[PDB]
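In: Provided hereafter are the protein sequence and its experimental coordinates.
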Amino acid sequence: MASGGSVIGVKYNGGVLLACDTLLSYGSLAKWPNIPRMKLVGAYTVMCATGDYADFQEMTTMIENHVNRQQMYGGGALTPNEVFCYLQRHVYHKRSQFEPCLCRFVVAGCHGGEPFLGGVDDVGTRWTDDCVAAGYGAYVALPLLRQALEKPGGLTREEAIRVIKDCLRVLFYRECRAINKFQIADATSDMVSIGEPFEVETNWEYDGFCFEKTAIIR
Amino acid sequence: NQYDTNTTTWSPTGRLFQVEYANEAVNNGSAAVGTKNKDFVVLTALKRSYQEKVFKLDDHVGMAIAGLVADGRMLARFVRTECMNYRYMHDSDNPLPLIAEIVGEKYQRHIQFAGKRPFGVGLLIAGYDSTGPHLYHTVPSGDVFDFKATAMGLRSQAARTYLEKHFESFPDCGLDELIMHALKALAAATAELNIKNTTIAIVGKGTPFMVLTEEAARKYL
């Protein structure tokens, strides 16, 4: 029961970012710290999930084969909107046979100069928005990203990267099953690229964290 | 003739006779025409006591038939069902090249096995998708042709002769001249054309597949 933690995404003026960490856990044990959890689908789309890794692998292998074959056999390249619809009907069908896909997905892409971002949960609920998250990202990160999207005009790429890193910083401080090693995917100009892993800067040296002040008996 | 009774018997010269005879059902149906320009497809048909010859298959696609009507209806129900499933799963129009392939494949299963009969019907399928307008003709042997203009049914050689003179000018034509070329081709396979014996149907850019009413068809007849 290898499992992945949080995923977060946000739209900016010209594209969309998706981020998560490179870790799979088994219960509390941090078992594999060097796992690429984001998967490219066709020409325009990337996906990630929180929860059971085996179910993420089965579902994404199946969708990737359908997309490559439909193109090879003469039925065109599926868009992010169509891929998302297809994913959601598969998750709902499995829920309806009492054999659920125990993951929560985030999907991002770019097609037609128009960015896409959406989530699907394990009973088949679906939504699209300017920011989306799964796992603890839904409690920790959405509040920060929703405040950054309040400014009128939208975010630049640089502002979007900066607020994404503040979110990853808080997940590392406050989510138990996490490591400080993340990747960012960028969908813009009708393609997706995945960056190299990086780490964020953290603060541990406040006066209020010192040995004397935190002592229980004085 | 010892080789003309079943679909599963090759003749000594490499022919399949039952499939040639099903193809005569089509050639004795009433005539139908199709044409296309850069962004539209037009179908016209002789429907004379009204007999249904044109059918909508989804928002973006329809067809005309010639030959056995009950086989026509069985194919219409199959393609309808396929287009509904595609839209359920993808939220978009079923691509026209995939419709033409599954139809071809369904005809062929009925010419290779003794417990099935060939379909005795020809279709002109017209539609509009993300790669533009398309016009396909399908026949009982299972072949599928992709056309700029064609005609099927009784005396459809005259209609085809007329279209061979004008078709190279159709890409530049507008929707009104394209409809007129389609009626003058159907006229060559023929009493004259009124609003009570002729169907006109259209599909294209910003236009869902539709059949003109008698009001709208007055403008051209």
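Out: Nice, thanks for sending it over. Residues are numbered from 1 along each chain as shown, chains lettered A, B, ... in the order given.
In: leaving aside the residues next to it on the chain, what's closest to residue B:118?
Out: Using CB to CB, 6 or more residues apart in numbering or on different chains and skipping residues adjacent in sequence, the residue nearest residue B:118 is residue B:22, 4.0 Å away. For every residue, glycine as well, the C-beta is placed using N, CA and C.
In: OK, contacts around that neighbour?
Out: Taking CB atoms under 8 Å, 6 or more residues apart in numbering or on different chains as the contact definition, residue B:22 lies against B:118-120, B:140.
In: ok, 6 Å please
Out: B:118, B:120, B:140 (CB atoms under 6 Å, 6 or more residues apart in numbering or on different chains).
In: just the residues you listed now: which is nearest residue B:17?
Out: Of all the contacts of residue B:22, the one with the least separation from residue B:17 (CB to CB) is residue B:118, at 11.1 Å.
In: my read: the closest one touches residue B:112, true?
Out: No. With contact taken as CB atoms under 6 Å, residue B:118 and residue B:112 are classed as non-touching, separated by 10.0 Å.
In: Comparing those two, which residue is more hemmed in?
Out: In terms of neighbours (other CB atoms under 10 Å in any protein chain shown), residue B:118 is the more surrounded of residue B:118 and residue B:112; the figures are 22 against 11.
In: Which stretches in chain A count as strands?
Out: Chain-ordered strands for chain A, with DSSP state E as the definition, fall at A:3-4, A:7-12, A:15-21, A:24-26, A:29-32, A:39-41, A:45-52, A:103-110, A:115-120, A:126-128, A:131-134, A:182-187, A:192-194.
In: Now that we have these, can you turn them into TSV and tack on mean neighbour count and distance to residue A:167?
Out: As requested, the strands of chain A are arranged in TSV below (neighbours: other CB atoms under 10 Å in any protein chain shown; distance: least, CB to CB, whole Å):
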stretch	mean neighbour count	distance to residue A:167
strand A:3-4	23	17
strand A:7-12	27	6
strand A:15-21	25	8
strand A:24-26	17	20
strand A:29-32	12	21
strand A:39-41	19	21
strand A:45-52	25	15
strand A:103-110	26	14
strand A:115-120	22	15
strand A:126-128	13	19
strand A:131-134	24	9
strand A:182-187	22	10
strand A:192-194	17	18
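In: closest one to chain B among the ones you listed?
Out: In terms of CB to the nearest CB, the element of the strands of chain A nearest to chain B is strand A:126-128, at 11.3 Å.
In: Does chain B have contacts with the closest one?
Out: No. For strand A:126-128 and chain B, the contact criterion (CB under 6 Å from any CB of the partner chain) is not met; the two come no nearer than 11.3 Å.
In: returning to that earlier point: ok, of the contacts of residue B:22, which one's closest to residue A:199?
Out: Using CB to CB, residue B:140 is the member of the contacts of residue B:22 that sits closest to residue A:199, with 67.7 Å.
In: isn't the closest one right up against residue B:25?
Out: No. Under the contact definition of CB under 6 Å, residue B:140 does not touch residue B:25, with a separation of 7.4 Å.
In: These two: who's more crowded?
Out: Shown here are residue B:140 and residue B:25; by other CB under 10 Å, residue B:140 has more neighbours (26 against 18).
In: check contacts around residue B:108.
Out: If you count contacts by CB under 6 Å, 6+ apart, residue B:108 has them with residue B:142.
In: quick check, nearest of the contacts of residue B:22 to chain A?
Out: Of all these, residue B:140 has the smallest distance to chain A: 23.6 Å, by CB to the nearest CB.
In: Name the helix or strand for that closest one, please.
Out: In this structure, residue B:140 is located outside every helix and strand according to DSSP states H and E.
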